[PDB]
Amino acid sequence: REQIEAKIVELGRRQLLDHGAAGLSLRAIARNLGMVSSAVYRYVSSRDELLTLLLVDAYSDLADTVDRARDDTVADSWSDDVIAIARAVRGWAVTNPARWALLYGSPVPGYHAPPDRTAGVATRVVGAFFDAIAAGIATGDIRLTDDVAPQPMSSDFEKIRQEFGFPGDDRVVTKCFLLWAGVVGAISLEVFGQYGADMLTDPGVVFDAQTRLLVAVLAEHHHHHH
Amino acid sequence: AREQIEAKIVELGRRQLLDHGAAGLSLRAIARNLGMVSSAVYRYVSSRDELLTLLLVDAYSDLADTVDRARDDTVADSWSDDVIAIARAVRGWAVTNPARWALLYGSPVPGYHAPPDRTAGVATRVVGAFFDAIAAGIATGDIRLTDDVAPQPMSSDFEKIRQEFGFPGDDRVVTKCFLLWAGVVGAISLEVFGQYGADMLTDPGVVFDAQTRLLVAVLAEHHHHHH
Ligand SMILES: CCCCCCCCCCCC(=O)OC(C)C
Ligand SMILES: [Mg+2]
Ligand SMILES: [Mg+2]
Ligand code: NI
Ligand code: NI
């Protein structure tokens, strides 16, 4: 089976590279497996199910890539950990541009990913960032200021904290959202070609410079609040 | 006479985006839903690529026009309020026009490359507005220029950017301009493309605005240290 479902995922991933989602076809996938259109449907019931399999696969590969890169190390500091994560995410997106598009690019209209399948893997990189930043809180380099956000943002953040076992207060969590948005934004601008013609000679150097600013956001205090 | 037909074609194209994305763009379907014949449509919009190009130009222009309107109702002391107002207007446009945002800043359309002679100008209008708001912060001294040089080749690339946008920054401020654009685009895309998920944030606009205020603090080096 999974030998079969594996091949489906591999095929579908190729159809993604070539035509994007529109061109997903349990029809093509069917021929290749020496199979009748109808035969495939037990393994993968529908175009949607294919899409969710392809999503879980991309998310997992990305997260495994990140996990691997953290196990590689200068354990020196939380900030070096954050940089290593960001660099791994970007490197993965640059090597897998169509799968980056799948994950963080345009939605497939008519498709809604059942969270029960996607939630877990979809938060593993987010989770890595939180884990990395939690180290900087435990060692005092990232100073909690007990600056409470208005509701309902504060209660939103409290759920997020509990989910991830993250000890950052409301300001740290705001800064984490900025970090993630900046990382995903920078990557997508590069990968999707949106800086355009002859603008950046080495987009990676610019990405690294952005990450360093985002680290400095986490490390310094911007309001008179003590 | 063409002009008015082209408009109904483009409006129906905007609808197909909403319903099928760039995939479902079809001049033939359009051609029907206007009680017209397929062969008649190519006379007004000659290909899928031309339809996409019209839809891109339309979207970039509407987005920029929305920014420009929001700035005209920031009547203010403040370069920072301007930056915040631009960012808010971009997000508002994107959430209200999510399929057109996808067309602009989402995944590339396989096989298609926008003609820079139709798209490049309008595509720089909002970036341009941010540089103009930020330049006012530099003029008043809230954003201080240094002689620090960004790591190469950034510094070299940045000189060409400052010239193109008539922006009187230094390297450091330009880096922070790239950060702001990335943060804005990135935050909007995560919300609009449905990564956040339904429940997580009660109003994502509120977190977004907090992020923009942090980006303003980065530009102005508004922080202190306990040394
Ligand atoms: C806060 C602003 C930061 C500025 C950095 C980004 C500038 C991106 C401009 C892209 C224009 C483009 O598409 O032109 C092509 C030739 C086609
Ligand atoms: Mg790929
Ligand atoms: Mg729309
Ligand atoms: Ni302080
Ligand atoms: Ni300082």
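So you know, we letter chains A, B, ... as the sequences are listed, proteins then strands, and number each from 1. Below, all heavy atoms of this structure are taken into account, side chains as well, without hydrogens, waters or symmetry copies.
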Write down the atom of B/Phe178, the atom of A/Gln210, and the distance for their closest heavy-atom approach. O-OE1, 3.4 Å
Chain B contact via A/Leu214 - which portion, at a heavy-atom distance below 4.5 Å: side chain
Does any heavy atom of chain B fall under 4.5 Å from the side chain of A/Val217, the backbone, both, or neither of them? side chain
For the residue pair A/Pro107 and B/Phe193, what are the closest heavy atoms and their distance? CD-CD2, 3.7 Å
Should we say atom NE2 of B/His222 is surrounded by more than 12 heavy atoms from elsewhere, each under 6.0 Å from it? no
Backbone N or O of A/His222 within a donor-acceptor pair of the B/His224 side chain at under 3.5 Å? no
Counting only N and O atoms by type, is there a donor-acceptor contact under 3.5 Å from the side chain of A/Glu220 to the main-chain atoms of B/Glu221? no
Nearest heavy-atom neighbours spanning A/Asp156 and B/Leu201: OD2-CA, 3.3 Å
Under 4.5 Å from any heavy atom of chain A, what part of B/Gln152 do you find: side chain, backbone, both or neither? backbone
Separation between CG (A/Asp208) and OG1 (B/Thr175), nearest 0.5 Å, reads 12.0 Å
Partner chain B: residue of A/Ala22, A/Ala101, A/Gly182, A/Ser106 with the largest heavy-atom pair count (under 4.5 Å): A/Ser106
Mind ranking A/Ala149, A/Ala181, A/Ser155 by heavy-atom pairs under 4.5 Å with chain B and telling me who comes out on top? A/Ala181
Can you confirm whether more than 12 heavy atoms, excluding those of B/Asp148, are under 6.0 Å from its CG atom? yes
Using a 6.0 Å cut-off, check whether atom CZ of A/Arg87 has over 12 heavy atoms from anything other than its own residue. no
Out of A/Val184, A/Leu189, A/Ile160, A/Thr123, return the one with the most heavy atom pairs under 4.5 angstrom to chain B. A/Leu189
So what's closer than 4.5 Å to chain B heavy atoms on A/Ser188: side chain, backbone, both or neither? neither
Is there a donor-acceptor pair closer than 3.5 Å between any side-chain N or O of B/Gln195 and the backbone N or O of A/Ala122? no
Atom pair CZ (A/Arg143) and NE2 (B/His226), whose distance is rounded to the nearest 0.5 Å: 8.5 Å
Could you tell me which non-hydrogen atom of B/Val207 sits nearest to which non-hydrogen atom of A/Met153, and how far apart they are? CG2-SD, 3.7 Å
Under a 4.5 Å heavy-atom cutoff, which of B/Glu191, B/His225, B/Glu164, B/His20 has the most pairs with chain A? B/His20
Would A/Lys159 and B/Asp199 count as a salt bridge (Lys or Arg N to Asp or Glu O under 4.0 Å) if you check the C-alpha gap in whole Å, the side-chain angles of each, and the deciding distance to 0.1 Å? CA-CA 10 Å; A/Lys159 290 191 194 71; B/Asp199 48 6; over 6 Å; no
Of the backbone (N, CA, C, O) and the side chain (C-beta and beyond), which part of A/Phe207 lies under 4.5 Å from a heavy atom of chain B, both, or neither? neither
Is it true that, when you exclude A/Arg14 itself, more than 12 heavy atoms of the residues, nucleotides or ligands shown sit nearer than 6.0 Å to its CZ? no
Does any heavy atom of chain A fall under 4.5 Å from the side chain of B/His113, the backbone, both, or neither of them? neither
Minimum heavy-atom separation for B/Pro151 and A/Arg212, please, with both atom names. CG-NH2, 4.0 Å
